[PDB]
Structure formats: C-alpha cells, structure tokens
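> How does the following fold in three dimensions:
(2 chains, ligands or ions: 1)
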Protein chains: 2
Amino acid sequence: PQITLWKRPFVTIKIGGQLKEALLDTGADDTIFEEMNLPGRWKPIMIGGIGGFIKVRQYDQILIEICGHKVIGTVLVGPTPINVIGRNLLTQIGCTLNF
Amino acid sequence: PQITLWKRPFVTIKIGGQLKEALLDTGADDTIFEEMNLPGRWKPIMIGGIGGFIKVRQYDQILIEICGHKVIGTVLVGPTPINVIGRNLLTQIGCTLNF
Ligand SMILES: CC(C)CN(C[C@@H](O)[C@H](Cc1ccccc1)NC(=O)O[C@H]1CO[C@H]2OCC[C@H]21)S(=O)(=O)c1ccc(N)cc1
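Numbering: from 1, shown residues only, chains lettered A, B, ... in the order given. Here you go, the structure:
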C-alpha cells in the first residue's frame, strides 16, 4: 500500500501471538515495542532519543507479521511511549519514501 | 524521488539561509532542528519522545526548501540529537510510504 502522512502511519502487526499497532518510523534505526510478553533469552541494552535514553531488552530473530507481511529481525522491548517499527524491519518489506 | 531505508533517510535542506541535513522522520509529528540562528518571535514549549521530553523554541510559518521543494510550516529548535523533518512538513511535499 501507499500511505500518506496526514495522520500517524500506524499499522496492525502480529508478534508473539499478540495483536498490536505500531508506527512506521523511518526515523527509527531499530524496532521497539512497549512492555510485552515475549519468549526466550534477551540482552540488556540502552537506546537514545530526543528525550534521552531508555533501557530495553533486545530480542533477536523475532517474527513479525507487518500488515500481512512476515519479517524476522531484532525487536526491542522497553518503556517507549509508542510502538515503533524501525528501519531494521522496514527494509525487509521493501518500504520506501516517495515524493 | 524514491528513497529506500537501508541508510538513514537524510536530505539536504535550506532554512534561514543556512544549509543543513535533516532526517525524513515519519515517526515525528512536527519538525525540530538542533540549536540554530532563526529570526523572529518564538513560544517556549516542550515535546516528548523516547527517553522523555525536551524544551524547544517554537517558530511558526518558517520557510524550508527540502531537497529543492519549498514548504512553510512550524519548525521547533531545541536539543534534539538529530534534525528531523516531521509530518507537518512531509505532507506538503506529498511524501508517502510505499510497500
Ligand atoms: C531521536 C530521533 C532519531 C527520533 N526517533 C524516531 C522518531 O520517529 C520518534 C518516535 C517517537 C514517537 C512518539 C513518541 C516517542 C518517539 N519521534 C520523535 O521523537 O519526534 C518527536 C518530534 O515530533 C513529535 O512527535 C512525537 C514524537 C515527537 S527515536 O524515537 O528516538 C529512535 C531511536 C532509535 C531507535 N532504534 C528507535 C527509535
């Protein structure tokens, strides 16, 4: 699909058997989700943003179904105010900016 | 142009007679720039992101030439780690996400 930007570009996603909405974020290097139940081991990391830094749990090789598109990549879980799909996964669905 | 997301989508922009690079950020509602010399009045406000909030100077009806496209809108100036072009201006150049 082609998505305009008059509203926040939210999409429906399936991850860890759970349904969630996430923001298509070209400004996000990596994908991050609010606190959620994901299986397996994880590594502590910290990411940086406009307001400073947050500590998040890094999960690798996580399956996401983005608007009916399956992708596998790194998914961070932590205190983000909003779920964000980062470029690490946007590339896998062939997402592009156009103007 | 069509922009893939294997690299940070930076574009060159001219604002207040100054040359700068800014990140096409679909996850950014509004445009914000690092500290810079901008003319006119401004209103103090605070915006929020990952890791928290920052206090920024809000300027309205500011002219930006984004990759050869002229636009006029609100531009925030403050301690962002990166210059970001927000949806408030992306819409005016007709920018869209595609996959
Ligand atoms: C610091 C920038 C590179 C912005 N980033 C993505 C961006 O889309 C965030 C994503 C975002 C969105 C909502 C809340 C927090 C973060 N938006 C943002 O901070 O912009 C602010 C200016 O416009 C306002 O609109 C809301 C946020 C404000 S980021 O959140 O910090 C980020 C950084 C690293 C990763 N791996 C993932 C995300």
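
> where exactly do the strands run in chain A?
For chain A, applying DSSP state E gives strands covering A:2-4, A:10-15, A:18-24, A:31-33, A:43-48, A:53-66, A:69-77, A:84-85, A:96-98.

> So the fourth one, near the ligand or not?
Yes: contact between strand A:31-33 and the ligand is present through residue A:32 (criterion: Cβ under 6 Å from any ligand atom). Placement of C-beta: from N, CA and C, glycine included.

> near chain B, which residues of chain A?
Contact residues of chain A with respect to chain B, defined by Cβ under 8 Å from any Cβ of the partner chain, are listed as A:1-6, A:8-9, A:23-29, A:32, A:47-54, A:69, A:80-82, A:84, A:87, A:90-91, A:93-99.

> For PyMOL, what selects the buried ones among these?
Isolation of the buried members of the residues of chain A next to chain B (16 or more other Cβ atoms under 10 Å in any protein chain shown) is achieved in PyMOL through the command below:
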select buried, chain A and resi 3+5+9+23+24+25+26+27+28+32+47+49+50+51+54+80+82+84+87+90+91+93+95+96+97+99
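
> Point out the one among the strands of chain A that comes closest to residue B:37.
With Cβ to Cβ as the measure, strand A:43-48 is the member of the strands of chain A nearest residue B:37 (25.8 Å).
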